[PDB]
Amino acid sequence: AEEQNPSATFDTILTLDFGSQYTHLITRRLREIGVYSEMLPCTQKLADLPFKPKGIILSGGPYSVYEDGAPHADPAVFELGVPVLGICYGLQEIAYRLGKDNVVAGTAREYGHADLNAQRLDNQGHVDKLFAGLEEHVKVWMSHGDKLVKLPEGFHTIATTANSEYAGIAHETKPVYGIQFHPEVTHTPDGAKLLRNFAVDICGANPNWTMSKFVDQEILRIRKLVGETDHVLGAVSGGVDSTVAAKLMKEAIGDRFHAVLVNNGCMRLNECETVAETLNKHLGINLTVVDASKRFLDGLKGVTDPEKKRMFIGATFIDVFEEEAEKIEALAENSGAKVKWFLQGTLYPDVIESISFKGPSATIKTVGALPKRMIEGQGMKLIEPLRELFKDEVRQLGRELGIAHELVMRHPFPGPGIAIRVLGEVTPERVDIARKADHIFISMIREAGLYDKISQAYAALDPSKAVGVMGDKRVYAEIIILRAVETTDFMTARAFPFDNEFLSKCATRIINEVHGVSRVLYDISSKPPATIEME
């Protein structure tokens, strides 16, 4: 092909984001069932698309399509000739652009479960192809704020619930479909069948989007981009994302890709040596380990403000990385080549948050403090071989690259490491206490067979003083905070429902085996209210 983009070589479904919190799930469902897909804000002018989508899905959003400033899509969505599916607010946009009459009932934006039945279209009982396999008793996550009291002009009913006579509508001749429920959330379990009925059966999309096929196509894409003599510089940290990206570059250019592992002194016990073993020996990546433990921990002394702490971690990491960068460039200069590309582990969810529709606000513009230092100042161009993949696709990509299935299932570990998991000032002793407390917590999770059921788990040190009974003297020591959640729909994570005997036995072991710990606390905050990490 002339362009090796996934949207240029695969049948692509395009979702237009109208502001719903469930819009990214539409793309994720399509990726899981086999059809490649991308998402763009509703303000996207479809004439400027570098690819011709096989189908367009209009997502939902907290708006009423006939109010002032109500978001709309390009009028060319229906003039394009490809099938269109309107999800909730997309149903309102369909009635607005094609029916022209205000037929939406301005009910309050409330959601709830309902039983949906397909509409018999004949005396023989045929149903619309959008509900093939979803004929009777389908539990859906209805959006009552998008209810229609009348069929839009040129549309007929294909789905019906107890309260919504027009829960699903289809055009008489054009492939335009609309539904009042969200088929992308877990509250609609059979929704993945409906999204496949639209992509494959209605739009004719080929469900051949696999990591089995993408690994080879992406390696050719990297070799054609980088060339045959240029060198690539990247960063590694033992995490799943940085490991899959580094292994992908190694399989494309070999030793011409140089990975740099920076030790900020806040890694887990012997993590810097176990990661260097798997990268340099088990995977064959040309790795380089720089030990900046003293440089980080000395500047961390005194920084109590958590915002000022995160600034020092990023600023120092870049100064340390660019120093290892210039030293690697001098090694390549003695070889007859030069470093020209900087590896960045950007994922597709990272660009989703950058282009997600926030309503009648401002379209943001102008990529990271570390790549900025590599571009201007070092003269390197970015290379992001993961910017079109989700987290689960990266895990399957690493499995196709020969990486062990155990490593791709590891929990995410932040850049600053324990420095973020130490509330307030970060000292070597506070890191050592949090590291040993974390080792006990994760070990008991693994031995109990609960590691693959937790999205992320760690222990954090709290410098606040609580009291204990050391023999007979009253001792005041620091506090260990335990954190463990499970993600639901790549969001809405809730604290893992540990058995209460598991938490007590782990709290007793931590207080006994780790010094300077008087109390152990379990974080019960769920994700939508709070955050996953502590800082």
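Position 1 is the first residue in the sequence shown; the rest follow in order.
In the deposited sequence, the stretch from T366 to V367 hides 1 to 3 residues that have no coordinates. In this entry, 309-317 shows the higher mean Cα temperature factor of the pair 80-88 and 309-317.
Across the two stretches, 130-138 and 355-363, the PDB entry reports the greater mean Cα temperature factor for 355-363. When the C-alpha B-factors of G191, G112, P349, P412 are ranked from the entry, the top spot goes to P412. In this entry, the residue among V176, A118, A246, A332 with the greatest C-alpha B factor is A332. Looking at the C-alpha B-factors along this chain, the one for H515 belongs to the lowest third. In the PDB entry, a CA B factor belonging to the lowest third of its chain's modelled residues is recorded for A159. The deposited CA B-factor of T492 belongs to the highest third of values across its chain.
When all modelled residues of the chain are sorted by CA temperature factor, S525 is found within the middle third. In this PDB entry, the Cα temperature factor of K391 sits in the middle third of its chain's modelled residues.
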